[PDB]
Amino acid sequence: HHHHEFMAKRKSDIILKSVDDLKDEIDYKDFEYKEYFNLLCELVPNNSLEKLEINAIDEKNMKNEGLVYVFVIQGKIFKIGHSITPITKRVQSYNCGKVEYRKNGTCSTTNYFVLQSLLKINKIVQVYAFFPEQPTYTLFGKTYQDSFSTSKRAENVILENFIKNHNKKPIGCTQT
Amino acid sequence: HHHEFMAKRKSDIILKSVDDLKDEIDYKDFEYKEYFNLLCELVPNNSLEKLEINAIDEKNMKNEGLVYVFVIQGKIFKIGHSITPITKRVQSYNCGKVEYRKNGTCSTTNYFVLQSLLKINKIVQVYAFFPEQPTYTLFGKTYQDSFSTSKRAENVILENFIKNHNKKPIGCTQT
DNA sequence: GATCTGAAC
DNA sequence: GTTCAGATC
Ligand SMILES: [Cl-]
Ligand code: NA
Ligand code: NA
């Protein structure tokens with residue numbers, strides 16, 4: 001019994017088909033950093049709508065920015081990732097992994113592989129999180145403490161200032 | 001007509017010449033310019049569908065964590081950032097090939113920028129600012145680098161996961 | 001050469 | 001519901 005029949009051009013082409021695909025994964029109970037992580041939320045597959053819904057658990061941290069997360073499915077570690085945004089925005093991003101957008105080439109291959117795999121496995125996903133302490137830093141004589149890299153914050157400050165000065169962004173930019 | 005197809009998104013519309021920059025802002029009018037220094041130049045290589053680099057500020061070519069400004073004939077084409085050196089960010093722009101856009105495996109940004117710069121076919125001045133990097137602590141170890149704390153935390157956890165378990169999670173490919 | 005990861009709207 | 005940005009192999 002073959003896992004799939006097509007000849008993948010890359011790993012992200014191969015969508016996981018069931019929980020059986022996780023059988024050689026590492027149990028979350030054997031995760032070495034587990035004492036630093038706390039259950040944050042669950043992701044609920046909604047196949048009809050081709051998206052993941054969120055069951056908020058650690059309510060006080062749902063709007064917290066800058067985390068490492070672990071997706072666990074029936075006790076198995078499916079992935080470890082990070083976000084400078086809250087979990088909700090990162091899940092929003094995973095929800096870009098739709099078949100249509102993959103065909104358009106407008107979603108990341110990661111978001112496609114993860115959303116489609118989670119929808120197909122069709123189990124609720126536990127999300128454990130760790131929120132690192134954020135350093136204070138200085139840019140142009142002002143102090144910041146946030147989830148951003150200093151280069152990203154600097155770019156943001158500069159672009160928002162650029163827009164106020166010239167009432168436009170450069171032609172090569174769309175995001176701020 | 002600038003082009004003839006109905007684009008579905010901005011990134012679909014590739015700039016055709018330096019004339020497309022006529023309404024852009026001059027680099028001389030950039031308020032943060034005293035913080036920036038000419039780092040390098042990008043040289044379009046249409047035959048190989050890529051950008052080459054001429055290093056200018058040689059001492060800074062391996063510096064990580066920068067804001068950059070791409071300037072063509074005195075006009076600001078874009079402002080961006082990278083936690084890597086400029087060389088790796090350009091490598092990433094060089095992923096913007098037509099084939100990979102068809103594959104859906106490059107970013108739309110890299111496609112738009114590579115294709116537009118190849119078509120404009122001018123040398124691009126790259127101005128750079130390297131912010132100071134804060135020191136931060138994770139799991140009793142201190143770091144001073146260009147990474148966000150969450151990205152550094154992920155990298156440390158992932159490498160130590162691989163040490164302990166001799167594998168990465170099935171859902172991971174990058175470290 | 002080519003892909004992977006996450007941010008923004 | 002859909003595209004935008006950049007890190008990595
Ligand atoms: Cl400005
Ligand atoms: Na990651
Ligand atoms: Na940017």
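In what follows, chains carry the letters A, B, and so on, assigned in the order in which the sequence lines appear, proteins first and then strands, with residues in each chain numbered from 1. We use all heavy atoms of the structure for the numbers below, so side chains are in, but hydrogens, waters and symmetry mates are not.
Residue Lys168(B) contributes atom NZ, which lies 11 Å from atom P of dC4(C) at whole-angstrom precision. The OH-P distance, from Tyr112(A) to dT3(C), rounds to 14 Å in whole Å. Going from atom CD of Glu53(A) over to atom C1' of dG1(D) covers 15 Å, rounded to whole Å. Remark: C1' of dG1(D) and CG of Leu49(A) are 11 Å apart, rounded to the nearest angstrom.
Here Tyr28(A) and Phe37(A) keep their ring centres 6.0 angstrom or further from each other. Ring pair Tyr127(B)/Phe30(B): centre-to-centre distance not below 6.0 Å. Aromatic pair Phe130(B)/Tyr35(B): ring centres not closer than 6.0 Å.
Counting only distance, with no hydrogens or angles, the side chain of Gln133(B) and the backbone of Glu64(B) share a donor-acceptor pair below 3.5 Å.
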- Produce a footprint string for nucleotides 2-9 of chain D: one letter per nucleotide, 5' end first; B if the base is under 4.0 Å from any protein heavy atom, S if only the sugar-phosphate is, - if neither. BBBBBBBB
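Here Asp20(A) does not pair with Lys23(A) in a salt bridge; the nearest charged N to carboxylate O distance is not below 4.0 Å.
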For residues 152-162 of chain A, dump all side-chain donor-acceptor pairs below 3.5 Å to protein atoms at least two apart in sequence or in another chain.
| from | atom 1 | to | atom 2 | distance (Å) |
| --- | --- | --- | --- | --- |
| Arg153(A) | NE | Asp146(A) | OD2 | 3.0 |
| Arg153(A) | NH1 | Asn156(A) | OD1 | 3.0 |
| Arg153(A) | NH2 | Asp146(A) | OD2 | 3.1 |
| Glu155(A) | OE1 | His81(B) | ND1 | 3.4 |
| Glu155(A) | OE2 | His81(B) | N | 3.2 |
| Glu155(A) | OE2 | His81(B) | ND1 | 2.8 |
| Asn156(A) | ND2 | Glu160(A) | OE2 | 3.2 |
| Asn156(A) | ND2 | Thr176(A) | O | 3.3 |
| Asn161(A) | OD1 | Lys164(A) | NZ | 2.7 |
| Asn161(A) | ND2 | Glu31(B) | OE1 | 2.7 |

